[PDB]
């Protein structure tokens, strides 16, 4: 008899005896002895015998069960097993351990046997490329993959484990209102877009191309992460905020129970100090909700108090400094858009026949480059820019036609001072111009000013820039480049790489909760009249703008070195450790990022060789080839015609592809995600919208700039209501769940039986700890204070590998998990 132990979690953990009797049966499958068809022999249905209470090591609401299998040596060595749950309620199977040791890491929900087309099968923790699969498991290996792919049809149900693709045609809500109709993103040259997980709810009544609404947006069952602690279900918070809290906030404003607008900057600071007083029933709607209740301190009656944002923890006014404005471009929430500027004036590739003369109005002689001439600044590579002119110009006219939205396509010129810090030297606020324009508003250039109305105009100019930046950051740097771009690879991986596959094991930890947060996002974050549309500048144009940007998305340019080189902030240099020399030496995001990038590169470079000896071995891996082909031709199908896609016929290519995927999912996402509330928790520092253009002299609006600059600023940026909603969502997002799995960690120490792979993973983890010590030394280095801390005195810790739970401003999760 083979002694076995089954560890599982009853549904109520997210009694024992109910699992005994004939409730749960398992059948071992042989990996060495096959029947007359080459398929591993199957043992007899074996039921759980009893509750085991021996080894202390057994937490997380887990329970262990004893079981003995009738298995003779003549049946070979078990390498897999079937399991059938005869109970009505599903349970979470953690693992099976056979002694005499064979391990099975399952971590999967097992629903009642009648709901499955085929019996749930689980494999032992061994790792095999297709050609190494023991012959008696080959068919079982391919059948499970076929099962995971489904047939492309049907409405997906909660227990389904079917991975497939579909376009973003589920954001609009045309059946509710024509105003909620949205273009389908993906599948057209007009709107290319990464694919998302297929749900199959069917067409809406008014539009066959739009998927009907659903109360629950399906994701393959095991992608929907349960949490032992409800406070850790952060992804569900977006839904509660949109469906329950937002309406409650709106009622307080409709009933005029709180001023509609912030009237001074102190009104904004009050949010995290004394707080904001709201109607009793409004507080009562919020205080009992899981996750939402953790967002604010309350007296339980009328007060909501937000946590003090990191950016104001030392100086509440430092965000207003030109120093901090520029520093956040290299160490802020969106540190990856700035580019080197090698010619002057900056040029535009936009059609002047459509937008009017696109020549920059910025004159070189007007800039203060600390004594440098323009030619000297250009040649010494000290000139940079945050360029949103070409990106935004195509949408300015339509955004500005909206009732409470007015923006400019902005461009900010930055000069790298001799002390190594960046200083903003001009901002161009551009507007498109065409015959027949009703508006008399014109483009203009604003220069730094510390006194008088000019200083107010310059402060407002910075605000229009950050509105451009916040939109680009949330929709492109964050949503498009991490969340959306990664989902196609998650789907392809489960569809074509067996759980036995080395690359599946290498990549899957980096997909944890990605499909889940994405599905919840399609439902409440990026949907018509969703959180983003109702809080950010572009309104109903928000998501389609990210499709326009995706036209220029390049997989290989996501690699950190390539990105730095492409943006002109670094140059290739073999004589350096990372192969690139930064043009801004103390560029926190880039410098810390290169360290993390290198650690991941080493790990992948050490792992791949363990399973692929030569290039031919990669070319001959059928699953790997089918995986990559599908990821590209279907997942990111609208760009399948591009030349830059790696071919994946070499070890080099496999390493590159895995390295980039891991980078995007871990460090890239953490860097653009966990600083949201730390930096944006003060709406003045990261405005999400602008509501009017600069005022004409001789108007009351112009007089206001002179007499009440704070009010002029507040009337221009995001209004108080959407601010409250936006602060709440980014507070939720910036929080690390206590059950997060960070880079250098895995959810199970037995994910593979291969000791060599396990040793390499341990080295990767040690290297990350080593890197963290180095980053701590950088933050403590006084010579780097200007860019790593700034006048806000906020140490750049976003790329520190580790973190405790909470809103910590540090820690790199393995995946896009929130």
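Numbering follows the first chain given and starts at 1.
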_Deposited but uncoordinated residues in the residue 14/residue 15 interval_ = 10 or more
*Can you say how many deposited residues have no coordinates in the span between residue 100 and residue 101, choosing none, 1 to 3, 4 to 9, or 10 or more?*
4 to 9
*Stretch with the higher entry mean CA B-factor, where the candidates are 617 to 625 and 490 to 498*: 617 to 625
*Between 229 to 237 and 685 to 693, name whichever shows the higher mean Cα B factor according to the PDB entry.*
229 to 237
*Identify, among 376, 370, 641, 324, the residue whose C-alpha carries the highest B-factor in the deposited PDB entry.*
641
*Whose C-alpha has the highest temperature factor in the PDB entry: 783, 793, 787, 32?*
32
*residue 215, C-alpha B-factor rank within chain (lowest, middle or highest third)*: middle
*asked:* When the deposited Cα B-factors of this chain's modelled residues are ordered and cut into thirds, is residue 308 in the lowest, the middle or the highest one?
replied: lowest
*Give the position of residue 242 by CA B-factor within its chain, expressed as the lowest, middle or highest third.*
highest
*Should residue 536 be placed in the lowest, middle or highest third of its chain by the C-alpha B factor in the entry?*
lowest
*Taking the chain's C-alpha temperature factors as the reference, tell me which third residue 254 falls into: lowest, middle or highest.*
highest
